[PDB]
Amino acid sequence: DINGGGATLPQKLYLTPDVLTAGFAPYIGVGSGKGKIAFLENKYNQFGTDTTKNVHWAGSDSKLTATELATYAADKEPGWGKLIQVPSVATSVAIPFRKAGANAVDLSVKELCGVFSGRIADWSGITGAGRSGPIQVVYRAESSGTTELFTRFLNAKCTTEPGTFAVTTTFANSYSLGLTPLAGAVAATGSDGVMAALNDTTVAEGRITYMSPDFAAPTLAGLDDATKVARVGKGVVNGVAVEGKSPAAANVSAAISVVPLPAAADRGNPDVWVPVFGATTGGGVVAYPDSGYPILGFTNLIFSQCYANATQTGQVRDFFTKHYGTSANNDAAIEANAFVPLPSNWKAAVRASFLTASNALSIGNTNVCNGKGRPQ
């Protein structure tokens, strides 16, 4: 079997029949931090107890760090080939909450920032929401790509809190003044563990969190129910009151469509393949959009260019052919699970480097992978 796992944000997508193609074992959702370790160190123990199995790929919504990349290049690349890091799909980060009320909850960015810094501790501080009583933040206990995507937004946009939010996979380490300002914030493990805490009816109402849109509501329609999933983006633009948007994929697709391709000359560097959003556009960073739903990013795949086993090599190529295909692809499934397909130019770029046989970066390239590859 080809063994993969990691990020929980897209786990239900990868578990959907026929999204992963022939030869792939069922995806094991354990978090992006564990997915990166599993791949980089070939440690199946991050996925399960059968450590005779080898790891072949990971899902991650946390980018590979400079240290991770350099260590793999020195330790693993000579025998296993280059690693490949590519976007899989684009995603919003949803803000589901448990607090009854007929009114739409529509967070301004300033309000969102105050909720997650602890400055706003009561629902009455959310204008127009018609709710009052304590807010309780639920967050991911472990190294999480959802946390990275979310804190990247807070770092860029929460610019008038007492403290500042650092970009991190560990939410408890983000705010400069710590979690102490929050009263009774609750940590849970996995997208599912956080949603279970959010939905726990044995505690008082008031909980709020950040979440994969595939987990944030039971169906796509539920993402548009602003009594359960917050709109974000409420404000005033050119003198006129604007409403925020739901985290439905339709509200981030336009912004995703104009994300620049990775710089051609540097496409051998896995770091350039995953765009990150930031306050301002420039130097590889893409500005968070001023229209549509504001909190977005990419979730990614990590693969090897080379596999020791030729059948596995072919099966990996078949998966890339589908997932990045012009047609006969996974786009319908991607949308059904609340995500945004990659734009056509992005699919073409991924194919041109990693599929097209003549390219030096292509999976299973006979010249590059001659006598090399990850173990089967």
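The first residue of the sequence shown is number 1, and the count goes up from there.
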**Request:** Would you determine, from the values in the PDB entry, which of 69 to 77 and 279 to 287 has the greater average C-alpha temperature factor?
**Result:** 279 to 287
**Fill in**
Higher avg CA temperature factor (121 to 129 vs 296 to 304, as deposited) belongs to 121 to 129
**Most elevated Cα B-factor in the entry, residues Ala221, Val186, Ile95, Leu83** = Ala221
**Prompt:** Checking the entry, which one of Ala102, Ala156, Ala263, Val138 has the top C-alpha B factor?
**Reply:** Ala102
**Request:** Just say lowest, middle or highest third for the CA B-factor of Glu161 relative to the other modelled residues in its chain.
**Result:** middle
**Asked** So where's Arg152 on the chain's Cα temperature factor ranking, which third?
**Response** lowest
**Message:** Lowest, middle or highest third: which one holds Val89 when the chain's residues are ordered by CA B-factor from the entry?
**Reply:** lowest
**Fill in**
On the chain's distribution of Cα B-factors, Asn367 falls within the third called middle
**Asked** If you rank the chain by CA B-factor, which third does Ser358 end up in: lowest, middle or highest?
**Response** highest
